[PDB]
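Chains S, D, Y, L, H, P, U, W and E are the protein sequences, given in the same order. Mapping of the first sequence onto the authors' numbering: residues 18 to 228, in sequence order. Mapping of the second sequence onto the authors' numbering: residues 6 to 155, in sequence order. Mapping of the third sequence onto the authors' numbering: residues 6 to 155, in sequence order. Mapping of the fourth sequence onto the authors' numbering: residues 6 to 155, in sequence order. Mapping of the fifth sequence onto the authors' numbering: residues 6 to 155, in sequence order. Mapping of the sixth sequence onto the authors' numbering: residues 789 to 833, in sequence order. Mapping of the seventh sequence onto the authors' numbering: residues 5 to 90, in sequence order. Mapping of the eighth sequence onto the authors' numbering: residues 3 to 81, in sequence order. Mapping of the ninth sequence onto the authors' numbering: residues 389 to 667, in sequence order. We treat Cβ as the ideally placed atom computed from N, Cα and C, and that holds for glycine. Okay, structure first, notes after.
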Amino acid sequence: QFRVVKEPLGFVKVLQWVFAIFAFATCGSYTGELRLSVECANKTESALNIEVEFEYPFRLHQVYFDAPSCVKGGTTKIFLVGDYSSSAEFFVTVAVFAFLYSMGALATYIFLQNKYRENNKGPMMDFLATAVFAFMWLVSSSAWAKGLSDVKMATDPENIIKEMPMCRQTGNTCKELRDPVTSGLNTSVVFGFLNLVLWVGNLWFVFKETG
Amino acid sequence: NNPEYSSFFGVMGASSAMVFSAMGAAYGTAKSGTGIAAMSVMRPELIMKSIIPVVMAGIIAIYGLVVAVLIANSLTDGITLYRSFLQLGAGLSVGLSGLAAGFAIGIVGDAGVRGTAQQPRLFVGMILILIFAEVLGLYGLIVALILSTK
Amino acid sequence: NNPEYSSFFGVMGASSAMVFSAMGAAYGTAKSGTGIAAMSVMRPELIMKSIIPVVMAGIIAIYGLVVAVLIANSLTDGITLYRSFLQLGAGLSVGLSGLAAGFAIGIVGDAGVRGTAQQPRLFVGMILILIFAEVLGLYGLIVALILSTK
Amino acid sequence: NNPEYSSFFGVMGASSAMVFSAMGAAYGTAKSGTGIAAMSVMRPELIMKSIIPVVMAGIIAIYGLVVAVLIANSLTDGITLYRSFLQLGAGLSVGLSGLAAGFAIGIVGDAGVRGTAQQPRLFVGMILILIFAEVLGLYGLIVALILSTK
Amino acid sequence: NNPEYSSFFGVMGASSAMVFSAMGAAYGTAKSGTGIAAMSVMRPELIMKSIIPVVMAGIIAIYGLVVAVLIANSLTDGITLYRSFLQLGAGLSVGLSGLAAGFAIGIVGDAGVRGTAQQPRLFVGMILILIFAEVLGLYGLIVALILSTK
Amino acid sequence: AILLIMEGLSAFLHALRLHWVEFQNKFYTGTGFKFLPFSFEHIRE
Amino acid sequence: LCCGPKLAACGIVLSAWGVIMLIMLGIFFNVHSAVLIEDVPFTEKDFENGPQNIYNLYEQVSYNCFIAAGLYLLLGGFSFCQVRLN
Amino acid sequence: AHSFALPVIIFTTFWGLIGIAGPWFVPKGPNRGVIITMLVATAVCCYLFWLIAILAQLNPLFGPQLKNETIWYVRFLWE
Amino acid sequence: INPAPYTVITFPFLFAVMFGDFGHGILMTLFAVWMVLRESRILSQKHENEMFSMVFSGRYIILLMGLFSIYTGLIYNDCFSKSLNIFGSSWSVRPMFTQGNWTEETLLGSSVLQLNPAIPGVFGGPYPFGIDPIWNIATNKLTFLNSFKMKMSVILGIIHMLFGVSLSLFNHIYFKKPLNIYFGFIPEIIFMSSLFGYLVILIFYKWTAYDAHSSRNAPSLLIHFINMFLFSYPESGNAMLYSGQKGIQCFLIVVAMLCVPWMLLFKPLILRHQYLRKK
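Given below as structure tokens:
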């Protein structure tokens, strides 16, 4: 009935569903690219265009480029460092299962209203599931925040310049040309935090609804 | 780098492999056939059941052939000095394993055939022993194949 | 090039191929050849049915033929000493497979002919075990065929 | 530049180890099958109990299996020629010790066969004396693997 | 510098030690198993107390292991070329002395366990005699240890 | 048909032997008389 | 009636267990890209340019599990149908 | 790499907690003794072999070897 | 002492470690539960298969056995000859191995393998998820697994023996027989505790003490044990596993010798003493 739709329960549930689906939909396919260049004493050997592609789940340990070695026209393999796919995979799989749970709850509110009000059994288990979900979402959000901070640390051009040995040699002045963009990750973690706060509010609302 | 004519060793390996298997198969067949030939008169309903050991001997013969053809596929004078005597060792291995299988299967067939001749239920235990003889043959094949491909 | 008198091993391979088949087929036509005569007095009506092992021993000898004539056909002056080894192995293998088959055929045939002399209905099962004996002989033949064409 | 013909102090060692295992196990099944045919005509309640020595007919195959494939995996293109002699030793060692154990297992199988015909209680002593046998095979496995790792 | 064939003799010595000890224990357990089965059929009492000759057979088993471990210790890759034959002789001596105690214990224990069939008081004297074969095995081991030192 | 029955049975019987000699013989006397209980439960037999 | 359960239960069990482990194996061939610790074998003889075509092979070999699982499911359906013939 | 303290500490805590707490919460039924004994024995022997297994790997004496192709593949698969 | 409550457990685990396979255990438990489901059906069901009767009579064994078998397969990381990739492998990377004075030997590696010497300086350490899967690929895994499994099997056997023998004390106290304690049980515990607990502490100490850096001149437990057993102690050429161990080892030898006379002639002597007291 339309009274359930007008009830703040379904309204809040639908809003949280929309925010969550947008959140992990944007989270699971974030892409980007960062550029640089290396020049040595021999300008015939300098490579002015060095493009490195990075994509979710941000396995920086796996992402790579082969930059010139600047000795006798050689080349070497420089590989980025950092494993972020752990917390990231955790967050997105958590979000996907939570989104399945959200559509399940919405379907219960839409089609199974009768079984929902049946003996007030469904509401209590639904509330307990929501509480477990809120705690584990908090854990995932904290892990995601720490991990994206670590990624921001790993995006420093000076670091990647330093590890590659030949930048340490004379005449080898490597400059970063385009820095990576981390605004999308900031927006996604903001969406996750709003998801957390909204589900805490809906937790309190469901708690007083049970009584 | 390779001593010439190492392929002779593989030739003799394939030979011996089918040799000793054939020996075992003949040994099993003689005994099983003579055993049934007496007692099928008194228990003719076990004639259908008697085929179980002889096809086991046939599996031994099959194993001889499969090792022989494997070595034939891998045979060549252009061996690196480290692959032909492998065929020799594996052939001897599997062949005499088939020989031992034929020994056991024939004699156990003789004992168990009169066993079932007295009492029909003993068949299941007899088949258990035949299974075991085949398990032995299978182990022989296992090590033989490991040496064949390595 | 072809080393000196390279043919030798094949020259002996053909001989072994035919002569060990001569042991197997001779034993085969010996055993049933006597047992059938022993049986014939009591009941002659199953005599041509009981002859079946003898011709099959002849077939073992024919296997010997096919291998021997293959070796002789490929036998020439310009032998690489690779095919010579192949022929030697083939001849030994088929011959001794025929030997094992001949032994199994002879013993199983004598037991079978007296068993059928006592009771008619066992004849076909006797022929089944006998067929198995030829299956083993056939595996011997095919191994020799592989070696003769390698 | 290792000596030629080096890897075969491994190949033949593996082959021989499993060779003697194959002999020993098959003899174990030999005597076990004759014994069980003897027992079960008169004591059917002891059939599956007398299947027990049959499972230990197979451990001789298991020990040789272990040693054989260990030697197989440890074999390489070129050897240091100090491990392959250990492989030959260990192979012959465990294999023939296991063959002796297999003789003992078959005959003590016959002993417990003739034992339990009147008194089923002797089952326990049969199994006890039977345990006393395979300890030798396990001992052979011990020293063989100590050599294979020395 | 040293010959390429140094550890043959040592590893064969370990093999000979353990394997002849295994033979001896197998034969001792052989005759013990037959005799115990018979005597236990006759009367239940001494089925558990007639295991002691089998314990002495197990002692023959531990012997070869002791000497084999000694050889494994004193074995290396480039042996001095005058310790490896000492290992050979030590293994042969201890193993065949184990064989000596083996058939001595076996036949004596069979005679005793059959002779106790109507005479419970022969049991102790036979134990004394079987204790004497352990002295033979120990006698052999003495020689084994002296070789182990050098 | 191989691993789950043959090897399984071998290991099973090995463990049984292990606890029949190496565990049992240490303390368990082995001498005793099993009680036969009387009942009319055998009327089901 | 025709093809009773006494001889089709085996087909049922085999089909179910087969679909189970092939879906697991296809999942480990396309998502893990058949990491070599789990799958050493690979069908190439020239990979000196890069790892990309080896990845393409990983999807190619994981594609071979779909036909497997699907027609085992067909066989299981047919086995259930045989069982229902009572 | 990994820190050796934390696995040992978590497993000590978990298995000790099981082995100690279990017997005191089971009900007083006819089979309390047998369940207590089986739980205690599982805890002790089980944590024991796991202890053996984990402190076997500790402090390796020699490193494993990999084929050249397997190497080149793990060069790009991870780490 | 009824031994049911102890076999009921330890027989499962010993089968499970002798049956260290994951998926095979899964299949065994699947069949066991399939029998469990149709219990009441089969109880009202007549059959002739007697192996089947002995097995559903002992289903309580096999189900628990299979559970522990699955758990042991989880230890060994061997589910059908394969290992699950937790990706905790911490052994090799590109810049590290190239930083160990190395480069592009894989050009020649088309024909060779080139085992890496240990102690890179950054790799190693524990693998909490069981056996590190990397061994499954290495063809030298035989040495690692052989040493591992041999040692743990010996120790498990020692533990089981030492635990099981202790029930004779329960027997001796329940029947008020300390006569079986005086010239019996006590020296038994003495010799076994020495002879095997010494080996246990030896292997634990070696595993906790020496690293691959000290691999050179590193003794083995075998040589120490046989030297102790043989009375042979070389004056040099073999460093101790720890200082002063010669004294402890010879004390252990003489102590083990000292337990034998207690089991031989003191109990007959005291029995004869009491008997002559009665006479």
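In the DSSP assignment, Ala-789 of chain P forms no beta bridge with any residue. For the region 590-615 of chain E, residues whose beta-carbon sits nearer than 9 Å to a beta-carbon of chain H comprise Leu-610, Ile-611, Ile-614 and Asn-615. Taking each of H:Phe-137, H:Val-140, H:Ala-62 and H:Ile-56 in turn and checking the Cα distance to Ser-26 of chain H, the smallest one comes out for H:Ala-62. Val-31 of chain S and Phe-116 of chain S have their C-alpha atoms spaced approximately 11 Å apart.
The C-beta of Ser-46 of chain S has fewer than 16 other C-beta atoms within 10 Å across all chains shown, which makes the residue exposed. Along the region 58-70 of chain Y, none of the residues has a CB nearer than 7 Å to a CB of chain D. In this chain, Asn-6 of chain D is not harboured by any beta strand (DSSP E), its DSSP state being neither H nor E. In this structure, DSSP gives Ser-541 of chain E a helical state, which the three-state scheme calls helix. The C-beta of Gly-111 of chain D comes no closer than 7 Å to any C-beta of chain L. Residue pairing from DSSP leaves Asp-196 of chain S without any beta-bridge partner. Secondary structure of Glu-833 of chain P (DSSP, three-state): coil. Annotation for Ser-54 of chain S: the continuous beta strand (DSSP E) segment containing it runs 48-55.
Cα atoms of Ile-64 of chain L and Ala-30 of chain L: separation of roughly 8 Å, rounded to the nearest angstrom. Residue pairing by DSSP places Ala-64 of chain S opposite S:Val-55 in a beta bridge. In the DSSP assignment, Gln-633 of chain E falls within the unbroken alpha helix (DSSP H) covering 633-652. For the 7 Å CB-CB criterion, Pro-55 of chain U and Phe-78 of chain W form a contact. What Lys-69 of chain W touches in chain E, judged by beta-carbon distance under 7 Å, is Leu-501, going in chain order. Contacts with chain H at 7 Å (Cβ-Cβ) include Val-148 of chain L. For the pair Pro-575 of chain E and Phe-152 of chain S, the Cα-to-Cα distance works out to about 60 Å. About 6 Å separates the beta carbons of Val-99 of chain Y and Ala-22 of chain Y, which is inside the 8 Å limit, making them a contact pair.
Annotation for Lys-155 of chain Y: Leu-91 place their beta carbon closer than 7 Å to its own, counting only its chain and skipping 5 residues before and after. When C-beta distances to chain U are compared with 7 Å, the residues of the region 469-483 of chain E below that value are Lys-470, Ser-471 and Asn-473, in chain order.
Nearest to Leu-133 of chain Y by alpha-carbon distance, out of D:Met-28, D:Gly-15 and D:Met-53, is D:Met-53.
For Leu-801 of chain P, the closest Cβ of chain L is nearer than 7 Å.
With respect to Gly-103 of chain H, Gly-40 of chain H sits apart: the two C-beta atoms are not nearer than 7 Å.
For the C-beta of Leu-797 of chain P, the chain L residues within less than 9 Å are, from N- to C-terminus, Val-60. Going by DSSP, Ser-89 of chain D is part of the alpha helix (DSSP H) stretching over 89-123.
Residues of the region 51-76 of chain W that bring their beta carbon within less than 9 Å of a beta carbon in chain E comprise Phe-51, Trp-52, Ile-54, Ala-55, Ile-56, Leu-57, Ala-58, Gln-59, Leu-60, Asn-61, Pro-62, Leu-63, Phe-64, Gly-65, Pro-66, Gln-67, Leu-68, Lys-69, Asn-70, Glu-71, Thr-72, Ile-73, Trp-74 and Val-76, in sequence order. For the region 91-117 of chain S, residues whose beta-carbon sits nearer than 7 Å to a beta-carbon of chain E comprise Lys-94 and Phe-96. Look at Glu-48 of chain U here: in three-state DSSP terms it is coil, with no helix or strand label. Secondary-structure assignment with DSSP links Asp-100 of chain S through a beta bridge to S:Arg-76. In this structure, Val-59 of chain Y sits away from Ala-95 of chain Y, with a CB-CB distance that is not shorter than 7 Å. The C-alpha of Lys-470 of chain E lies about 24 Å from the C-alpha of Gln-502 of chain E. Residue environment analysis places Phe-96 of chain S among the buried positions, since at least 16 neighbouring C-beta atoms fall within 10 angstroms of its C-beta. With contacts defined as CB atoms closer than 7 Å, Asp-409 of chain E and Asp-466 of chain E qualify as a contacting pair.
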